[PDB]
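Given as structure tokens, the chain that follows is alone and in the form deposited in one PDB entry.
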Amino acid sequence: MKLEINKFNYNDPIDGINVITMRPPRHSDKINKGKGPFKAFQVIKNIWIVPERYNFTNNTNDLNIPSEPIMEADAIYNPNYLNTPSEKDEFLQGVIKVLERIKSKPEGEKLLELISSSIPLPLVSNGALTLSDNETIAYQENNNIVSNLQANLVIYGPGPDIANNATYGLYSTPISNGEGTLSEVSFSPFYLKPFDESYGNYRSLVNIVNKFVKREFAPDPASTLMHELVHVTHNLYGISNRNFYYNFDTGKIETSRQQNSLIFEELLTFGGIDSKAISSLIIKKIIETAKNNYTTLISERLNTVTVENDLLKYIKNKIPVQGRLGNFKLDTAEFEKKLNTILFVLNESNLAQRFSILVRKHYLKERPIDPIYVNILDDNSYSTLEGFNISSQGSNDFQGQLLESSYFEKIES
């Protein structure tokens, strides 16, 4: 069946199929006592949009201006953002539009299909793969749980910094042991952080001889979301590399941060020039770790399954195996191929190239640039097929991302 995106208006009635009131996945944490439930919309099978601010972790629980020293000088705060029905509908439409954009190229469509289908490896109960809260969200009505519906990804609005974007895996052992975990994403389609890149096709003073200089650009929020979707994919496969750092001075992996280092999960997820000279030692170790984790799960869990149900079908589609019920083995060659796709081929920089989107050269930015607001729902500014770089308007070849474009609106900070 061809992937379609379900459209919604925020005021669409609850149906228990695609429109629910969702209990927070992190409801058991003390900081989330009494929160929700929140209206949620199933945009793609197992992918839900919740038009609420993300405030469900320690670092996102307070939406006010931080009481500590600020981590990012390009952050912008507004505790009231996304508290009205009209802002919630705008957000919902924006996320849907960005997803339609992503689906409009085969690489983006395949990414969405992968997230939809790649359920975490369930626990086994009475010989059957059986769902947990690591693979579902609860539809809560009047302090009763009506149903538990499958979910691999829940997309929310931003946390405290309304121009920040992030991914959170639900359970921290499954995120890295090969099982996989439901992910939450905090996403901001309308508030964007600019970046610098060298460029030559812009209005320039006649007295400047050499026109190719660093210029300011806005990112395409589809690229921003795809970046998070790559983290989500790692999280669903249980292959997150959050607890390793790559040291650019030595070219080695380290367990703790160093002066000129980057978290390895971000190095891979962003891609680009910085991932082109990773050592064979590093790549071999990463592959071996994942292979070992999967071999262990196939032995200790998958081979305890005695009941063939739909969850087993979905898991066999996710995890390349050979053999029969009770005696599966990892399909080494197919697993390696799939792993190397998800780790080394799937990344923001490669995806952006396929979408004709400009991204920055390095994951880490050299300087903060004040965030902007842009109404991406206006097709004159941002289209599903071309983003900001609209050919019929003369904005192809990255020109539509130039920050001087009128649709990138200054924020009073």
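Between two forms, the rigid core is defined as the largest C-alpha subset superposing within 1.5 Å. Residues that one form lacks are left out of the comparison. For every residue, the number given is its place in the sequence shown, counted from 1.
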If you take the mean CA temperature factor per stretch, which one wins between 353-361 and 38-46? 353-361
Entry-level comparison of average CA B-factors, 72-80 and 218-226, reporting the higher stretch: 72-80
I'd like to know which of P174, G200, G157, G326 has the highest C-alpha temperature factor in the PDB entry. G200
Choose from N340, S104, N293, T255 the residue with the greatest Cα B-factor as stated in the PDB record. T255
Cα B factor band for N260 (lowest, middle or highest third within the chain): highest
Within this chain's modelled residues, let me know which third the CA B factor of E386 belongs to: lowest, middle or highest. middle
For the chain shown, is the CA B-factor of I119 in the lowest, middle or highest third of its modelled residues? lowest
Looking at the temperature factor on the CA atom of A163, which third of the chain's modelled residues does it land in? middle
Consider only the C-alpha atoms of the modelled residues in this chain, order them by B-factor as the entry records it, and name the third containing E179: lowest, middle or highest. lowest
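Quick note: we don't show the form deposited in another entry, though the next part is all about it.
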Following superposition of the rigid core, which of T255, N126, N142, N207 is the only residue with a C-alpha displacement of 2 Å or more between the shown form and the other one? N207
Give me the residue ranges between the shown form and the other one where at least 3 consecutive Cα atoms each move 2 Å or more, fitting on the core only. 203-207, 394-396
